[PDB]
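Participant: Input: one structure, supplied below.
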Amino acid sequence: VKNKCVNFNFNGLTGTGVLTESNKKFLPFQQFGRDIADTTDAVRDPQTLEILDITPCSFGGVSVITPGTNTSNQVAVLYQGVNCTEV
Amino acid sequence: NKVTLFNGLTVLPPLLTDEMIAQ
Amino acid sequence: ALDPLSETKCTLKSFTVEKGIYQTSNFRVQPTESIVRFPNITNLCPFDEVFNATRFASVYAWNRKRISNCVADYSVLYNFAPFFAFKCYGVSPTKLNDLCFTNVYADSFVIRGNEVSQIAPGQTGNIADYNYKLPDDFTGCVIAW
Amino acid sequence: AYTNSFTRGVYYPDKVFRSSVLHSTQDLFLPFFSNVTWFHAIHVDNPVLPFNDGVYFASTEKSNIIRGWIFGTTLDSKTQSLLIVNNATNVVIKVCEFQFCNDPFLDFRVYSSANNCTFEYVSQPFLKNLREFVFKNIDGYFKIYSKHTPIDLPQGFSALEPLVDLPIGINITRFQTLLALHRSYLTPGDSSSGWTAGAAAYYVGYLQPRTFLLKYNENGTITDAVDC
């Protein structure tokens with residue numbers, strides 16, 4: 001399954017996130033891809049040998065904009081680290 | 001040009017942009 | 001947990017909140033699905049020249065063999081043998097689809113029907129005493145057709 | 001004899017892709033600028049070499065004089081030895097303690113005692129072209145890395161790629177090399193005079209626990225290393 005926040009188990013490697021088509025080519029004997037700070041960023045599909053880029057699905061904080069209850073009860077909401085056009 | 005360059009961690013953007021500081 | 005304003009009142013612990021922006025909580029989307037991915041591996045152990053041959057070893061020469069380095073799903077069999085006595089001891093059918101071991105030793109003989117009882121653990125007679133002796137402790141499945 | 005080893009003998013340790021990064025790894029490596037023992041594959045009677053922690057084996061030849069290796073604790077039938085035989089068709093690996101003499105027979109086609117062969121493996125053979133191999137056995141698995149590079153030992157850098165990772169769990173402490181010759185007489189014992197054969201040479205080095213700093217380029221290949 002692609003393009004969804006999914007829990008994957010690639011041949012014992014357990015993780016969570018969205019999978020996308022990648023543009024980096026591993027060597028034939030390489031199966032894992034690790035970036036700086038030891039975070040897994042890519043993996044080859046054991047059935048099709050096709051490289052997949054793993055990135056965690058969206059998270060962030062929520063902030064409340066208010067003019068004060070003494071004035072009005074209307075409230076706005078800001079989602080900080082995401083673009084909720086694709087929430 | 002001379003000076004250039006998670007797990008719950010995040011980076012809040014500054015309030016004034018570089019264009020406003022230049023202005 | 002009614003509306004964002006109530007959450008702001010919770011965070012500030014005050015019924016009146018002042019004008020501004022307040023960081024109330026954090027959110028995370030969903031794991032909308034769970035997927036398990038395993039290889040295009042297809043080498044299977046050669047169960048067909050053991051269970052089909054045009055001749056089998058006679059008991060005095062009992063033909064041992066070794067199955068090694070292969071995915072073995074013991075589901076290839078259970079296909080043609082109305083095994084008189086599958087009689088597996090200790091492993092049971094489903095679990096061995098799961099386990100992994102260094103080698104599987106398959107021995108083949110031809111004994112007449114009355115003696116098929118003797119090729120088991122702890123039996124004594126001409127066949128199990130002069131011709132083939134299963135060890136006292138065993139994890140294996142005698143199969144006879 | 002002796003000869004120093006240049007920046008040679010490195011291998012990919014974790015088969016984990018990394019792009020344009022410096023990584024520090026502590027593992028069994030051949031230290032830079034260390035001497036490696038040299039043997040001539042013509043005549044001297046074949047010495048037995050201990051398998052302390054891992055062996056770096058380099059070979060330069062043009063006549064396919066050497067064709068395999070023998071591993072194990074003893075050449076008798078008491079311990080389950082390991083045998084690797086290369087050929088023009090395929091490579092055959094067996095673990096059932098082929099009974100050797102005071103010196104292993106030079107490859108009367110079969111001369112061994114009773115066998116209990118549990119593990120056997122066949123694949124494509126390991127075919128001026130310097131052939132470098134690393135043999136390791138640490139966690140119950142026997143690992144072989146190798147690389148074949150065009151042309152004593154040059155200053156060029158090349159990392160050994162993992163070829164084989166066998167699951168056999170025998171104890172290995174000694175090893176030899178296996179030579180071949182057509183129309184060769186077989187005797188339990190021969191002197192160091194030997195017989196005339198093609199020109200060949202092989203180098204042996206030992207692996208030690210060291211820290212290394214490896215550099216990965218944008219293509220995921222090791223291009224340089226630093227002995228720490």
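Starting from 1 in every chain, residues are counted up; chains themselves are A, B, ... following the order of the structure tokens, and ligands are numbered from 1 as listed.
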Within 8 Å of region 100-113 of chain C, counting only C-alpha atoms, which residues qualify if same-chain residues fewer than 6 places away don't, as a list in words?
Facilitator: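 The residues satisfying every condition are residues 50, 56, 57, 58, 59, 62, 63, 64, 65, 66, 67, 68 and 69 of chain C; 118 and 119 of chain D.
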Participant: Compute the set of chain D residues within 10 Å of chain C, using only C-alpha atoms, and express it as an MDAnalysis selection string.
Facilitator: chainID D and resid 116:121 166:169
Participant: Extract, using only C-alpha atoms, all DNA, RNA and protein residues at most 12 Å from residue 8 (chain A), discarding same-chain residues fewer than 3 positions from it, and format them as a PyMOL selection string.
Facilitator: (chain A and resi 1-2+4-5+11-19+43+45+52+54-56) or (chain C and resi 31-38)
Participant: I'd like a table as CSV: residues in chain B with an atom no more than 12 Å from chain C, each row giving the shortest atom pair and its distance in Å to one decimal, only C-alpha atoms counted, sorted by chain and rising residue number.
Facilitator:
```
residue,atom,partner,partner_atom,distance
B:7,CA,C:28,CA,11.8
B:8,CA,C:26,CA,9.5
B:9,CA,C:26,CA,11.8
B:10,CA,C:26,CA,11.9
```
Participant: Export N, CA and C atoms of the chosen residues as a PDB file, in the first residue's frame?
Facilitator:
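Generated output (out_28.pdb):
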```
ATOM      1  N   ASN B   7      11.218  13.578  15.871  1.00  0.00           N
ATOM      2  CA  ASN B   7      10.576  12.767  16.897  1.00  0.00           C
ATOM      3  C   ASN B   7       9.819  13.634  17.897  1.00  0.00           C
ATOM      4  N   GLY B   8       9.058  14.604  17.402  1.00  0.00           N
ATOM      5  CA  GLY B   8       8.364  15.532  18.272  1.00  0.00           C
ATOM      6  C   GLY B   8       9.007  16.901  18.264  1.00  0.00           C
ATOM      7  N   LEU B   9      10.241  16.970  17.773  1.00  0.00           N
ATOM      8  CA  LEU B   9      10.949  18.234  17.665  1.00  0.00           C
ATOM      9  C   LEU B   9      10.500  18.981  16.412  1.00  0.00           C
ATOM     10  N   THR B  10      10.453  20.308  16.514  1.00  0.00           N
ATOM     11  CA  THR B  10      10.008  21.138  15.402  1.00  0.00           C
ATOM     12  C   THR B  10      10.651  22.518  15.465  1.00  0.00           C
TER      13      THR B  10
END
```
Participant: How many Å lie between CA of residue 3 (chain A) and CA of residue 42 (chain C), rounded to one decimal?
Facilitator: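 Going from CA of residue 3 (chain A) over to CA of residue 42 (chain C) covers 28.4 Å.
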Participant: Do you know which residues are at most 12 Å from residue 87 (chain A) counting only C-alpha atoms, after dropping those on the same chain fewer than 3 positions away, and could you put them as a PyMOL selection string?
Facilitator: (chain A and resi 4-5+57-60+79-84) or (chain C and resi 27-30)
Participant: How would the residues just picked look written out with N, CA and C atoms as an mmCIF file, in the first residue's frame?
Facilitator:
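Once everything was written out, this is result.cif:
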```cif
data_model
loop_
_atom_site.group_PDB
_atom_site.id
_atom_site.type_symbol
_atom_site.label_atom_id
_atom_site.label_comp_id
_atom_site.auth_asym_id
_atom_site.auth_seq_id
_atom_site.Cartn_x
_atom_site.Cartn_y
_atom_site.Cartn_z
ATOM 1 N N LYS A 4 -0.096 6.330 2.017
ATOM 2 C CA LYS A 4 -0.939 6.396 3.202
ATOM 3 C C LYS A 4 -0.087 6.133 4.434
ATOM 4 N N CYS A 5 -0.437 6.772 5.551
ATOM 5 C CA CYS A 5 0.256 6.489 6.800
ATOM 6 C C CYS A 5 -0.078 5.069 7.231
ATOM 7 N N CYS A 57 4.196 10.095 8.634
ATOM 8 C CA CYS A 57 2.987 10.850 8.351
ATOM 9 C C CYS A 57 2.867 12.037 9.306
ATOM 10 N N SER A 58 2.034 12.999 8.910
ATOM 11 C CA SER A 58 2.096 14.347 9.463
ATOM 12 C C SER A 58 1.787 14.376 10.954
ATOM 13 N N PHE A 59 2.470 15.276 11.659
ATOM 14 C CA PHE A 59 2.213 15.551 13.064
ATOM 15 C C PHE A 59 2.592 16.998 13.341
ATOM 16 N N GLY A 60 2.099 17.517 14.457
ATOM 17 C CA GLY A 60 2.402 18.884 14.826
ATOM 18 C C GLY A 60 1.546 19.335 15.988
ATOM 19 N N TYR A 79 -2.839 24.893 12.655
ATOM 20 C CA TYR A 79 -2.044 23.669 12.663
ATOM 21 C C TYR A 79 -0.664 24.026 12.129
ATOM 22 N N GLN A 80 0.363 23.825 12.953
ATOM 23 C CA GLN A 80 1.655 24.464 12.730
ATOM 24 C C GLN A 80 2.517 23.769 11.682
ATOM 25 N N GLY A 81 2.868 22.510 11.907
ATOM 26 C CA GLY A 81 3.846 21.877 11.045
ATOM 27 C C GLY A 81 3.272 21.098 9.880
ATOM 28 N N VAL A 82 2.012 21.355 9.530
ATOM 29 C CA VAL A 82 1.330 20.582 8.499
ATOM 30 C C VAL A 82 0.619 21.544 7.564
ATOM 31 N N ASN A 83 0.233 21.043 6.395
ATOM 32 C CA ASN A 83 -0.650 21.746 5.480
ATOM 33 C C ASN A 83 -1.976 21.004 5.399
ATOM 34 N N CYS A 84 -2.963 21.469 6.170
ATOM 35 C CA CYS A 84 -4.209 20.718 6.284
ATOM 36 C C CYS A 84 -5.092 20.845 5.052
ATOM 37 N N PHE C 27 -1.372 16.914 17.763
ATOM 38 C CA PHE C 27 -2.174 15.977 16.994
ATOM 39 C C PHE C 27 -1.272 15.055 16.187
ATOM 40 N N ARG C 28 -1.806 13.885 15.846
ATOM 41 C CA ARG C 28 -1.109 12.939 14.982
ATOM 42 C C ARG C 28 -2.152 12.248 14.122
ATOM 43 N N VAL C 29 -1.895 12.149 12.817
ATOM 44 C CA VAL C 29 -2.877 11.558 11.918
ATOM 45 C C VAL C 29 -2.968 10.060 12.169
ATOM 46 N N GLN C 30 -4.199 9.566 12.289
ATOM 47 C CA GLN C 30 -4.479 8.154 12.551
ATOM 48 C C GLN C 30 -3.730 7.634 13.776
#
```
Participant: Any idea what's packed within 8 Å of residue 158 (chain D), counting only C-alpha atoms, ignoring anything in its chain fewer than 6 positions away? Could you give it as a list in words?
Facilitator: residues 8, 10, 222 and 223 of chain D
Participant: Now that the selection is made, can you save its residues with C-alpha atoms as a CSV table (one decimal), in the first residue's frame?
Facilitator:
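What follows is the written file result_32.csv:
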```csv
chain,number,residue,atom,x,y,z
D,8,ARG,CA,43.4,-2.6,1.3
D,10,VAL,CA,38.0,-3.1,3.7
D,222,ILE,CA,32.7,3.4,-0.2
D,223,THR,CA,35.4,5.6,-1.7
```
Participant: Can you pull out every residue within 7 Å of region 27-34 of chain A, counting only C-alpha atoms, but drop anything in the same chain fewer than 6 positions away, and send it as a ChimeraX atom specification?
Facilitator: /A:40-44 /D:15-18
Participant: Within 7 Å of residue 64 (chain A), counting only C-alpha atoms, which residues show up once you throw out same-chain ones fewer than 5 positions away? Write them as a tab-separated table (two decimals) with N, CA and C atoms, in the first residue's frame, please.
Facilitator:
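Produced file around-v9.tsv, reproduced below:
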```
chain	number	residue	atom	x	y	z
A	75	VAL	N	-13.27	31.62	17.73
A	75	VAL	CA	-11.96	31.00	17.89
A	75	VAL	C	-11.45	30.57	16.52
A	76	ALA	N	-10.15	30.77	16.29
A	76	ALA	CA	-9.48	30.24	15.11
A	76	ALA	C	-8.45	29.21	15.53
A	77	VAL	N	-8.14	28.27	14.64
A	77	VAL	CA	-7.23	27.18	14.95
A	77	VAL	C	-6.12	27.13	13.92
A	78	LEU	N	-4.88	27.06	14.40
A	78	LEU	CA	-3.70	26.98	13.54
A	78	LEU	C	-3.04	25.63	13.75
C	4	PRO	N	-12.29	24.04	21.04
C	4	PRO	CA	-10.95	24.58	21.32
C	4	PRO	C	-10.92	25.62	22.43
C	21	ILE	N	-2.61	34.00	21.17
C	21	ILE	CA	-2.44	32.65	20.65
C	21	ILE	C	-1.95	31.76	21.78
C	22	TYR	N	-2.56	30.58	21.91
C	22	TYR	CA	-2.23	29.65	22.98
C	22	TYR	C	-2.00	28.26	22.41
C	23	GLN	N	-0.91	27.62	22.83
C	23	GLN	CA	-0.57	26.27	22.39
C	23	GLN	C	-1.28	25.29	23.31
```
Participant: Taking the backbone alone, and naming residues the way the document does, which bits of region 5-130 of chain C are helix (DSSP H, G or I) by DSSP, as a PyMOL selection string?
Facilitator: chain C and resi 5-12+93-98+113-118+126-130
Participant: May I ask for the distance between CA of residue 79 (chain C) and CA of residue 96 (chain C), given in Å to one decimal place?
Facilitator: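 Rounded to one decimal, the two atoms are 16.5 Å apart.
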Participant: Set out as a tab-separated table a contact list for chain A and chain C with a cut-off of 6 Å, giving each residue of chain A that qualifies its closest atom pair and distance in Å to one decimal, counting only C-alpha atoms, ordered by chain and rising residue number.
Facilitator:
```
residue	atom	partner	partner_atom	distance
A:5	CA	C:31	CA	5.1
A:6	CA	C:31	CA	4.6
A:7	CA	C:34	CA	4.7
A:8	CA	C:35	CA	5.0
A:9	CA	C:36	CA	4.7
A:10	CA	C:37	CA	5.0
A:11	CA	C:38	CA	5.3
A:46	CA	C:39	CA	4.3
A:47	CA	C:40	CA	4.1
A:59	CA	C:28	CA	4.6
A:60	CA	C:27	CA	5.8
A:61	CA	C:26	CA	4.2
A:62	CA	C:26	CA	5.7
A:63	CA	C:23	CA	4.4
A:64	CA	C:22	CA	5.2
A:65	CA	C:21	CA	4.6
A:66	CA	C:19	CA	5.5
A:67	CA	C:19	CA	4.3
A:68	CA	C:19	CA	4.3
A:69	CA	C:16	CA	5.9
```
Participant: Quick one: write out the picked residues with C-alpha atoms as a CSV table (one decimal), in the first residue's frame?
Facilitator:
```csv
chain,number,residue,atom,x,y,z
A,5,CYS,CA,0.3,6.5,6.8
A,6,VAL,CA,0.6,2.7,7.2
A,7,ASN,CA,2.3,0.3,9.6
A,8,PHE,CA,4.8,-1.7,7.6
A,9,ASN,CA,6.9,-4.8,8.4
A,10,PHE,CA,9.5,-5.2,5.7
A,11,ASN,CA,11.2,-8.5,6.4
A,46,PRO,CA,11.5,-8.0,-1.0
A,47,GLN,CA,9.0,-9.1,-3.7
A,59,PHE,CA,2.2,15.6,13.1
A,60,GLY,CA,2.4,18.9,14.8
A,61,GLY,CA,1.0,21.2,17.4
A,62,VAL,CA,-2.4,23.0,17.5
A,63,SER,CA,-2.7,26.7,18.5
A,64,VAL,CA,-5.8,28.7,19.3
A,65,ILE,CA,-6.3,32.3,18.2
A,66,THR,CA,-8.8,34.2,20.4
A,67,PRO,CA,-9.6,37.9,20.8
A,68,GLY,CA,-10.6,37.3,24.4
A,69,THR,CA,-13.8,35.8,26.0
```
Participant: So that each row is one residue of chain D with an atom at most 12 Å from chain A, can you give its shortest atom pair and the distance in Å to one decimal, using only C-alpha atoms, rows by chain and rising number, as a Markdown table?
Facilitator:
```
| residue | atom | partner | partner_atom | distance |
| --- | --- | --- | --- | --- |
| D:12 | CA | A:30 | CA | 9.7 |
| D:13 | CA | A:30 | CA | 10.9 |
| D:14 | CA | A:30 | CA | 8.6 |
| D:15 | CA | A:30 | CA | 4.9 |
| D:16 | CA | A:32 | CA | 4.9 |
| D:17 | CA | A:33 | CA | 4.5 |
| D:18 | CA | A:34 | CA | 5.9 |
| D:19 | CA | A:35 | CA | 7.7 |
| D:20 | CA | A:35 | CA | 9.7 |
| D:21 | CA | A:36 | CA | 7.9 |
| D:22 | CA | A:36 | CA | 9.5 |
| D:23 | CA | A:36 | CA | 9.3 |
| D:145 | CA | A:29 | CA | 11.4 |
| D:160 | CA | A:29 | CA | 11.8 |
| D:161 | CA | A:29 | CA | 8.1 |
| D:162 | CA | A:29 | CA | 7.3 |
| D:163 | CA | A:29 | CA | 8.4 |
| D:164 | CA | A:29 | CA | 10.5 |
| D:165 | CA | A:29 | CA | 11.6 |
| D:216 | CA | A:35 | CA | 11.5 |
| D:218 | CA | A:24 | CA | 9.3 |
| D:219 | CA | A:25 | CA | 7.7 |
| D:220 | CA | A:26 | CA | 7.0 |
| D:221 | CA | A:27 | CA | 8.1 |
| D:222 | CA | A:27 | CA | 11.3 |
```
Participant: Looking only at the backbone, which of the residues in chain D does DSSP tag as strand (DSSP E or B), as number ranges by chain?
Facilitator: D: 3-5, 11, 16-17, 21-29, 34-40, 49-50, 55-61, 66-72, 82-85, 91-95, 119-123, 130-137, 142-149, 160-166, 174-179, 200-206, 208-216, 222-227
